[PDB]
Amino acid sequence: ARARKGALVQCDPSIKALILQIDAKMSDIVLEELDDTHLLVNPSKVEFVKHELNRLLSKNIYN
DNA sequence: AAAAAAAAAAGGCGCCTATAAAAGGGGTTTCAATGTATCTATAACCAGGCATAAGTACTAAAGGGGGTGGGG
């Protein structure tokens, strides 16, 4: 009966957890948790999330 | 004392030895060199047992440099 625009993000559970951590810090990122591997995210924040994930993973001093 | 059987002995018969010289054939009996199965000393064969040399992996060591994380 209702539709809303957004960006669907499909990712592994560990990445889902990381995006939730990003949201908790920055807010206004995650619109809905959909399932263990899917989120609805603010479309204007998708590139931010992708860049931040890359930084979190690639720049980790314990790599 | 007698008849009887068993025994040793004799006499006789036959053939042997050494003598002799000289013409053709067939017999059995013993001994010659040349070979199978079995023997001998030799040479050569396997498997099994002990000692020495070569190769193994193993543990064994010490010496250092570089990168990442934590603390000041």
# chains A, B, ... in the order shown; residues from 1 in each chain; ligands from 1
call {"tool": "closest_atom_pairs", "arguments": {"of": "chain B", "to": "chain A", "cutoff": "12 Å", "atoms": "only C-alpha atoms (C1' of nucleotides)", "output": "JSON lines"}}
result
{"residue": "B:67", "atom": "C1'", "partner": "A:63", "partner_atom": "CA", "distance": 11.4}
{"residue": "B:68", "atom": "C1'", "partner": "A:62", "partner_atom": "CA", "distance": 7.7}
{"residue": "B:69", "atom": "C1'", "partner": "A:62", "partner_atom": "CA", "distance": 8.1}
{"residue": "B:70", "atom": "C1'", "partner": "A:61", "partner_atom": "CA", "distance": 11.8}
call {"tool": "residues_around", "arguments": {"residues": "stretch 20-27 of chain A", "least_positions_apart": "6", "cutoff": "9 Å", "atoms": "only C-alpha atoms (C1' of nucleotides)", "output": "PyMOL selection string"}}
result
chain A and resi 49+52-53
call {"tool": "atom_distance", "arguments": {"atom1": "atom CA of residue A:10", "atom2": "atom CA of residue A:59"}}
result
22.7 Å
call {"tool": "select_by_dssp", "arguments": {"residues": "chain A", "states": "helix (DSSP H, G or I)", "output": "PDB file with N, CA, C and O atoms, in the first residue's frame"}}
result
ATOM      1  N   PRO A  13      26.997  -9.751   7.109  1.00  0.00           N
ATOM      2  CA  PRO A  13      26.687  -9.367   8.498  1.00  0.00           C
ATOM      3  C   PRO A  13      27.727  -8.474   9.183  1.00  0.00           C
ATOM      4  O   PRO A  13      27.356  -7.575   9.944  1.00  0.00           O
ATOM      5  N   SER A  14      29.009  -8.714   8.925  1.00  0.00           N
ATOM      6  CA  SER A  14      30.052  -7.920   9.573  1.00  0.00           C
ATOM      7  C   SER A  14      30.041  -6.498   9.014  1.00  0.00           C
ATOM      8  O   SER A  14      30.257  -5.516   9.749  1.00  0.00           O
ATOM      9  N   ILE A  15      29.764  -6.379   7.718  1.00  0.00           N
ATOM     10  CA  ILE A  15      29.649  -5.047   7.109  1.00  0.00           C
ATOM     11  C   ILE A  15      28.382  -4.337   7.576  1.00  0.00           C
ATOM     12  O   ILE A  15      28.408  -3.127   7.824  1.00  0.00           O
ATOM     13  N   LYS A  16      27.284  -5.082   7.712  1.00  0.00           N
ATOM     14  CA  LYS A  16      26.039  -4.504   8.234  1.00  0.00           C
ATOM     15  C   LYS A  16      26.302  -3.898   9.620  1.00  0.00           C
ATOM     16  O   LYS A  16      25.953  -2.736   9.896  1.00  0.00           O
ATOM     17  N   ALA A  17      26.962  -4.672  10.480  1.00  0.00           N
ATOM     18  CA  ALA A  17      27.351  -4.179  11.809  1.00  0.00           C
ATOM     19  C   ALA A  17      28.188  -2.894  11.752  1.00  0.00           C
ATOM     20  O   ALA A  17      27.967  -1.964  12.533  1.00  0.00           O
ATOM     21  N   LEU A  18      29.128  -2.826  10.812  1.00  0.00           N
ATOM     22  CA  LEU A  18      29.973  -1.647  10.666  1.00  0.00           C
ATOM     23  C   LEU A  18      29.176  -0.440  10.202  1.00  0.00           C
ATOM     24  O   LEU A  18      29.412   0.673  10.668  1.00  0.00           O
ATOM     25  N   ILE A  19      28.242  -0.651   9.270  1.00  0.00           N
ATOM     26  CA  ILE A  19      27.412   0.469   8.814  1.00  0.00           C
ATOM     27  C   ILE A  19      26.535   0.992   9.960  1.00  0.00           C
ATOM     28  O   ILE A  19      26.361   2.200  10.114  1.00  0.00           O
ATOM     29  N   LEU A  20      25.997   0.086  10.771  1.00  0.00           N
ATOM     30  CA  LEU A  20      25.258   0.503  11.975  1.00  0.00           C
ATOM     31  C   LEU A  20      26.139   1.341  12.924  1.00  0.00           C
ATOM     32  O   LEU A  20      25.665   2.317  13.516  1.00  0.00           O
ATOM     33  N   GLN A  21      27.418   0.988  13.043  1.00  0.00           N
ATOM     34  CA  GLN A  21      28.354   1.770  13.872  1.00  0.00           C
ATOM     35  C   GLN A  21      28.566   3.160  13.294  1.00  0.00           C
ATOM     36  O   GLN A  21      28.597   4.142  14.036  1.00  0.00           O
ATOM     37  N   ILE A  22      28.710   3.232  11.972  1.00  0.00           N
ATOM     38  CA  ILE A  22      28.793   4.506  11.239  1.00  0.00           C
ATOM     39  C   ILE A  22      27.537   5.351  11.507  1.00  0.00           C
ATOM     40  O   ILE A  22      27.638   6.524  11.862  1.00  0.00           O
ATOM     41  N   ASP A  23      26.364   4.747  11.365  1.00  0.00           N
ATOM     42  CA  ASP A  23      25.116   5.447  11.658  1.00  0.00           C
ATOM     43  C   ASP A  23      25.046   5.972  13.100  1.00  0.00           C
ATOM     44  O   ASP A  23      24.598   7.087  13.350  1.00  0.00           O
ATOM     45  N   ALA A  24      25.464   5.159  14.060  1.00  0.00           N
ATOM     46  CA  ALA A  24      25.390   5.565  15.466  1.00  0.00           C
ATOM     47  C   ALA A  24      26.249   6.810  15.738  1.00  0.00           C
ATOM     48  O   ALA A  24      25.925   7.658  16.600  1.00  0.00           O
ATOM     49  N   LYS A  25      27.355   6.907  15.003  1.00  0.00           N
ATOM     50  CA  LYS A  25      28.285   8.024  15.132  1.00  0.00           C
ATOM     51  C   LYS A  25      27.786   9.290  14.441  1.00  0.00           C
ATOM     52  O   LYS A  25      27.827  10.382  15.023  1.00  0.00           O
ATOM     53  N   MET A  26      27.322   9.126  13.199  1.00  0.00           N
ATOM     54  CA  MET A  26      27.020  10.247  12.302  1.00  0.00           C
ATOM     55  C   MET A  26      25.533  10.599  12.231  1.00  0.00           C
ATOM     56  O   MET A  26      25.186  11.748  11.908  1.00  0.00           O
ATOM     57  N   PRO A  43      19.808   7.762   0.537  1.00  0.00           N
ATOM     58  CA  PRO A  43      20.490   7.712  -0.756  1.00  0.00           C
ATOM     59  C   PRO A  43      21.646   8.711  -0.878  1.00  0.00           C
ATOM     60  O   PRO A  43      22.634   8.421  -1.555  1.00  0.00           O
ATOM     61  N   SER A  44      21.548   9.843  -0.180  1.00  0.00           N
ATOM     62  CA  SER A  44      22.582  10.894  -0.229  1.00  0.00           C
ATOM     63  C   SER A  44      23.834  10.547   0.581  1.00  0.00           C
ATOM     64  O   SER A  44      24.818  11.292   0.575  1.00  0.00           O
ATOM     65  N   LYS A  45      23.792   9.409   1.282  1.00  0.00           N
ATOM     66  CA  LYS A  45      24.867   9.016   2.179  1.00  0.00           C
ATOM     67  C   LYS A  45      25.560   7.734   1.695  1.00  0.00           C
ATOM     68  O   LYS A  45      26.473   7.261   2.342  1.00  0.00           O
ATOM     69  N   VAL A  46      25.130   7.198   0.558  1.00  0.00           N
ATOM     70  CA  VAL A  46      25.683   5.925   0.077  1.00  0.00           C
ATOM     71  C   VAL A  46      27.175   6.015  -0.199  1.00  0.00           C
ATOM     72  O   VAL A  46      27.951   5.145   0.213  1.00  0.00           O
ATOM     73  N   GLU A  47      27.590   7.063  -0.916  1.00  0.00           N
ATOM     74  CA  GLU A  47      29.004   7.238  -1.217  1.00  0.00           C
ATOM     75  C   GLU A  47      29.823   7.471   0.041  1.00  0.00           C
ATOM     76  O   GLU A  47      30.917   6.897   0.191  1.00  0.00           O
ATOM     77  N   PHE A  48      29.284   8.281   0.961  1.00  0.00           N
ATOM     78  CA  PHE A  48      29.933   8.468   2.262  1.00  0.00           C
ATOM     79  C   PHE A  48      30.167   7.116   2.941  1.00  0.00           C
ATOM     80  O   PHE A  48      31.279   6.825   3.397  1.00  0.00           O
ATOM     81  N   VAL A  49      29.124   6.294   2.993  1.00  0.00           N
ATOM     82  CA  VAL A  49      29.208   5.001   3.668  1.00  0.00           C
ATOM     83  C   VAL A  49      30.284   4.138   3.003  1.00  0.00           C
ATOM     84  O   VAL A  49      31.099   3.529   3.684  1.00  0.00           O
ATOM     85  N   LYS A  50      30.308   4.141   1.681  1.00  0.00           N
ATOM     86  CA  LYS A  50      31.295   3.328   0.948  1.00  0.00           C
ATOM     87  C   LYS A  50      32.729   3.791   1.225  1.00  0.00           C
ATOM     88  O   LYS A  50      33.625   2.971   1.459  1.00  0.00           O
ATOM     89  N   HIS A  51      32.943   5.107   1.213  1.00  0.00           N
ATOM     90  CA  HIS A  51      34.254   5.662   1.526  1.00  0.00           C
ATOM     91  C   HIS A  51      34.665   5.362   2.962  1.00  0.00           C
ATOM     92  O   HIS A  51      35.810   4.972   3.218  1.00  0.00           O
ATOM     93  N   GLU A  52      33.726   5.527   3.893  1.00  0.00           N
ATOM     94  CA  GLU A  52      34.014   5.291   5.300  1.00  0.00           C
ATOM     95  C   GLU A  52      34.337   3.823   5.551  1.00  0.00           C
ATOM     96  O   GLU A  52      35.265   3.509   6.292  1.00  0.00           O
ATOM     97  N   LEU A  53      33.567   2.927   4.936  1.00  0.00           N
ATOM     98  CA  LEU A  53      33.857   1.503   5.060  1.00  0.00           C
ATOM     99  C   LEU A  53      35.252   1.214   4.535  1.00  0.00           C
ATOM    100  O   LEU A  53      36.003   0.471   5.162  1.00  0.00           O
ATOM    101  N   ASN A  54      35.585   1.766   3.369  1.00  0.00           N
ATOM    102  CA  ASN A  54      36.937   1.561   2.836  1.00  0.00           C
ATOM    103  C   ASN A  54      38.026   2.048   3.813  1.00  0.00           C
ATOM    104  O   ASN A  54      39.060   1.387   3.979  1.00  0.00           O
ATOM    105  N   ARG A  55      37.781   3.175   4.477  1.00  0.00           N
ATOM    106  CA  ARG A  55      38.760   3.722   5.429  1.00  0.00           C
ATOM    107  C   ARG A  55      38.866   2.821   6.654  1.00  0.00           C
ATOM    108  O   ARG A  55      39.963   2.515   7.118  1.00  0.00           O
ATOM    109  N   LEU A  56      37.712   2.419   7.191  1.00  0.00           N
ATOM    110  CA  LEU A  56      37.653   1.564   8.377  1.00  0.00           C
ATOM    111  C   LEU A  56      38.413   0.268   8.171  1.00  0.00           C
ATOM    112  O   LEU A  56      39.136  -0.211   9.059  1.00  0.00           O
ATOM    113  N   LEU A  57      38.240  -0.306   6.994  1.00  0.00           N
ATOM    114  CA  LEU A  57      38.825  -1.597   6.704  1.00  0.00           C
ATOM    115  C   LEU A  57      40.282  -1.456   6.255  1.00  0.00           C
ATOM    116  O   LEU A  57      41.147  -2.179   6.746  1.00  0.00           O
ATOM    117  N   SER A  58      40.561  -0.517   5.359  1.00  0.00           N
ATOM    118  CA  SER A  58      41.908  -0.420   4.776  1.00  0.00           C
ATOM    119  C   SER A  58      42.941   0.264   5.677  1.00  0.00           C
ATOM    120  O   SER A  58      44.133   0.005   5.542  1.00  0.00           O
TER     121      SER A  58
END
call {"tool": "atom_distance", "arguments": {"atom1": "atom CA of residue A:5", "atom2": "atom CA of residue A:37"}}
result
18.9 Å
call {"tool": "atom_distance", "arguments": {"atom1": "atom CA of residue A:42", "atom2": "atom CA of residue A:1"}}
result
21.3 Å
